[PDB]
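Let's start with one chain on its own, the form deposited in one PDB entry, as C-alpha cells.
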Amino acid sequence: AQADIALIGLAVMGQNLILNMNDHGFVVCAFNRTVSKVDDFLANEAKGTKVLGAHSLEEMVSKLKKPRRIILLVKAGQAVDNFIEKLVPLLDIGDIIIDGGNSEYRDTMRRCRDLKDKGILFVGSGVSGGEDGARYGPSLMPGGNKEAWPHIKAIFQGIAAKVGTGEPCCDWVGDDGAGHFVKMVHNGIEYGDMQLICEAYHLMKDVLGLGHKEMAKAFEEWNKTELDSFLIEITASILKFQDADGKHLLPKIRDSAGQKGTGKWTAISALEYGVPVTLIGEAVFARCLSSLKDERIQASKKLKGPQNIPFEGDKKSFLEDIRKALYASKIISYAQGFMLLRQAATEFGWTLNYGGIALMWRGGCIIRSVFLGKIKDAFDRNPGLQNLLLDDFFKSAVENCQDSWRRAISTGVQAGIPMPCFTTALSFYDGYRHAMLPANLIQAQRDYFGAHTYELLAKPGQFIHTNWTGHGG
C-alpha cells in the first residue's frame, strides 16, 4: 500500500493520464501487458516523479491502498474482459476496476452487474480530449456502481479540465453504462459538427470561389462569434497550413474519412430506440460515402450536375448566411443528441443531469465551445426541459438564422453542392414545427395493404380498419 491508483495500459493516453495524476499529488502504479514498457516509461517520461512501476499483476495489486482502485486503458472488447478475469481472484470485496477505453455501453452494464455480485465495484468512464487533453485536463464521464464514486472522485475531478467558474469537467453521469453511452453520444455529436463545418467549407470553395487563406480568415472571424469552439479554431489552422513546398496541405490529402465505430453506434441506438437523430445519421453516412472514392471518380465522369450559373451577389452577405446556416443546423444536432440521452434515461432508468453533461462537454473534450454553456443555462433554468428548441435562447437563435439558412440551402441546391447535414437539419426543423404532418397518409397506406389499423385524430386509443378496396360494389 503506497499507490493511490494503478493504470494498466501504457499507450500515450495512459502515460499522459498517469503524469496528470502525479502532477496532482496522486501516487500511481503503472502496468502494461508487455512489461518492458513499464521500465521504459519509468526511465524516461516518469523519471523524477512519484509513480511506482509493477512487473506483475499480483505485485501491482499489493502496491495499492485499499480500496484498490485500478484503471484499464486497453483496446476495447476481449482485452478488458481478459484483464477483469485475471484481477478478480486478486481483489478484495469493495475494490474498484475502472474501464476508460471506448467500450460500448452494453458490455459495461454486463460487466457491472457481474462484478457487483462478486463484490467488486465497476465503473466505465469515457475519456475525451486526446493525448495532451489527457495530459493537462481531460473530460471524464464516469458511470457504473455509485459505491465506487466517492473513492475515485478526488482523482477524477482533480485531473479533469476546469471551466472558468472552477468546476471540473467530470461528475457522476449515472448507473451501469451511462458514462459510456454519454461518451458515445459525445462522439456522435463530434461527427455532426465536423460534417457541418465541411459543408460550410464546400459552399465557400465552390459557390463563393474562396482560396484557403480567405477561407481560413472567414473561419477565424466565426470563432470570435457564437461559433467559438475548438473545432472552428483548428479548422482555421488546418486551412492556413502549408506543407514543405510552400503550398497548402489540405487539398492534397485524400477525401476518404475513417471511423472507429463510436459515431455509428449513436446512430444505431437512435434507430433502436426510435429517436429522430438525423444529423449524426447523415454525418456517419457522409463518411461511408467518402470511402467509396473510386466509385465517385467513375461517377463524376458519367453523372451530370446543374447548369453552371455564376454566383452574382454580395459574397460578404453570403458568407454571413453560411455562418448562420451552420449555427442553426448545429442547434438542431445538439437538440437531437439531447433527445437521445432523454430516451436512454427512460429506457434504462438513469437519472441524468443534462446540465451536468453539458458542463462535462464544456471543456477538455473535442466538442468544447461557449455553446455548451448556453445549453447548461437552458437546463439550469428548466431541468425538465423536453427539447432544447423549446428554450427561448435557441428559439430566438434559430428564428434569427432562418432566412440565411433557407437561402444557403437553396443556393447550395442550385449549384449542386451536397449538404446532407444542412438539409436534414432544416427538414427536421420544419418537421418538428408542424402539428399536422403527412404521416397520416403512411398510416392510411399501411391499413390499405397490410391492415395495420389507424387512430382518429379525435380520440387516439381507438383503432379502426377501413375496407378501402371498395366502398360499394
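A residue's number is simply how far along the shown sequence it sits, counting from 1.
Omitted from view is the form deposited with a small molecule bound, to which the following refers.
Per the 4.5 Å heavy atom criterion, the small molecule in the bound PDB entry is contacted by stretch 31-39, the sole one of 31-39, 403-411, 425-433, 51-59. Residue contact check for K116: none of its heavy atoms lie within 4.5 Å of the small molecule in the bound PDB entry. Not displayed here, the small molecule is approached by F83 to within 4.5 Å at the level of heavy atoms in the bound PDB entry.
Mapping the unseen interface onto this chain, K75 counts among the residues with a heavy atom inside 4.5 Å of the small molecule in the bound PDB entry. Contact annotation for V88: none of its heavy atoms lies within 4.5 Å of the small molecule in the bound PDB entry. None of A154, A79, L271, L390 but one reaches within 4.5 angstroms of the small molecule in the bound PDB entry through a heavy atom, and that residue is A79.
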